[PDB]
């Protein structure tokens, strides 16, 4: 179990909006410790039974939450991400899709400098089966277990989740790092949290075309990851130089192809799988 657990108190920024409301009920029902939410101008009211604040700082005082989930539209996301960093939230989970690459580039710098952690943006979220759910993922397909998963794709995660629930293994914690070009946490940051997690016996690492986060992690894995790692890369049949849905999913200047990633994952001795159908199968081999 990494990042979150039964004890993590969470507030939601953009709490009174469509997605915010909906996915919060889902979290509340799953048992997640939503302690409240923020929507400027609606401070001093209740929504889904929790208190709503005008600013992230007032929320942090009144509740002492330490993580924030963001359901705020792209145009204002950078402001809200920085507001959280600045009210002392130590864990930020951003669902929002469409944040300008240049905004992330600046936000990333500030995250790292201020010691804050952010999963996202443009991601499903994070879940610790049985204890905590922050995100849009469907809670009933996971089961407390020993496999940890990091993925750039959300839906691909659900395939792997399902397989590992069926082969009976279960999951420690599932991390969706997002499909953007510059996320707040990449593979190596999450890989390393698993290596040090007792509850995690093996790791399922799911990636896709574009960028070099896979390759860089490969290199890291070889040298610092001891637990068994099974990886799958999506996008072998993808055309060059075209965004494939995800802003970060694009083969640019002939770099970041599905295959180079496989190749390099294998060099680091990772159990690659060519069909996402056999993810469960390969874990049986560990």
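Residue numbers count along the first chain shown, from 1.
Mean C-alpha B-factor is higher over 269-277 than over the other stretch, the pair under comparison being 269-277 and 21-29.
Between 69-77 and 196-204, it is 196-204 that carries the larger average Cα temperature factor according to the deposited entry.
Looking only at 230, 56, 35, 48, the residue with the top Cα B factor in the deposited structure is 230. In this entry, the residue among 96, 151, 165, 155 with the greatest C-alpha B factor is 165.
In the PDB entry, a CA B factor belonging to the lowest third of its chain's modelled residues is recorded for residue 246. Among the modelled residues of its chain, residue 83 has a C-alpha B-factor that falls in the lowest third, as given in the PDB entry. Among the modelled residues of its chain, residue 64 has a C-alpha B-factor that falls in the lowest third, as given in the PDB entry. Among the modelled residues of its chain, residue 141 has a C-alpha B-factor that falls in the highest third, as given in the PDB entry. Among all modelled residues in its chain, residue 170 ranks in the highest third by Cα B-factor.
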